[PDB]
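Structure first, commentary second.
Note: ideal-geometry Cβ built from the backbone for every residue, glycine included; neighbour counts use all protein chains shown. Just so it is clear, none of the values below were taken in a lab; they were calculated from the coordinates.
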Amino acid sequence: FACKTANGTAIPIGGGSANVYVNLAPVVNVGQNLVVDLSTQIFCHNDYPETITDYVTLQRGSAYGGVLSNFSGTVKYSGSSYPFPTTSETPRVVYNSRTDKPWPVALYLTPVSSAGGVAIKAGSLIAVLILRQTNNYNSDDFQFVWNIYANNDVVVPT
Ligand SMILES: COc1ccc(C#CCO[C@H]2O[C@H](CO)[C@@H](O)[C@H](O)[C@@H]2O)cc1
Ligand code: NI
């Protein structure tokens, strides 16, 4: 089991960490969502699907910088929605193929009432998503840490 980004960089077998940049709508109002869909960027695969089944959860989703101070959010993981920042590890998603399959995570962020002006700075860290991978074969229990960075400024109109 390993993952890579479209970008792309990779996190190899046994886990590790990688930085991911995302494009964000440059203007968002109170009551609207920024949607940060990571499933078009992060892809994982199972290295031995004929004998091993891999299980992948979102272990934890944390907010930083302008996202932590100026937005409230939810995360959608494999068809279900949860608060973001997260309050517990999600149910698992099965990886059973050597063919890259997207990691099905998307953040929906909406500005809080105090937001105004530049609410997210270009190049700043906005979130960390931890992918946890286990299997039905041995004791492997690995973290894939995705540090999510803003590509561009996001302004909440005043
Ligand atoms: C019984 O014969 C064997 C067949 C396959 C293997 C193996 C292996 C590779 O391990 C990696 O690939 C596995 C499957 O993606 C992961 O679940 C592991 O965590 C790990 O990333 C070991 C023994
Ligand atoms: Ni591989």
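Here are a few things to note about the model shown:
- Here the contact order of the chain, divided by its residue count and restricted to Cα pairs under 8 Å and six or more residues apart, works out to 34 percent.
- Paramagnetic reach from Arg98 in segment 52-77 [backbone N under 16 Å; point 7 Å along Cα→Cβ]: 52-54
- Built amide H within the under 5 Å cut-off of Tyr64, gap 5+: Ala127
- You can think of it this way: the chain between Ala10 and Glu89 has 26.1 nm of extra reach, that is 0.36 nm per residue less the Cα-Cα gap.
- Taking a straight line from the alpha carbon of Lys101, these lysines sit under 27 Å away, with near neighbours fewer than eight places off in the same chain left out: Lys4, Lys76.
- Label point of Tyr48 set 7 angstrom out along Cα-Cβ; within segment 12-42, amide nitrogens under 16 Å from it belong to 13-15.
- As a calculated quantity, the FRET efficiency between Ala106 and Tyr137 at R0 = 22 Å, using C-beta atoms, amounts to about 0.15.
- Karplus 3J(HN,Hα) series, Hz, for segment 70-79 with 6.51 cos²θ - 1.76 cosθ + 1.60 (x for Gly, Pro): 10, 9, 10, x, 9, 10, 9, 10, 6, x
- Report summary: the helix-based calculation at 222 nm, which adds -39500 (n - 2.57) for every DSSP H run with n ≥ 4 and divides by the residues of the chain, gives -1000 deg cm²/dmol.
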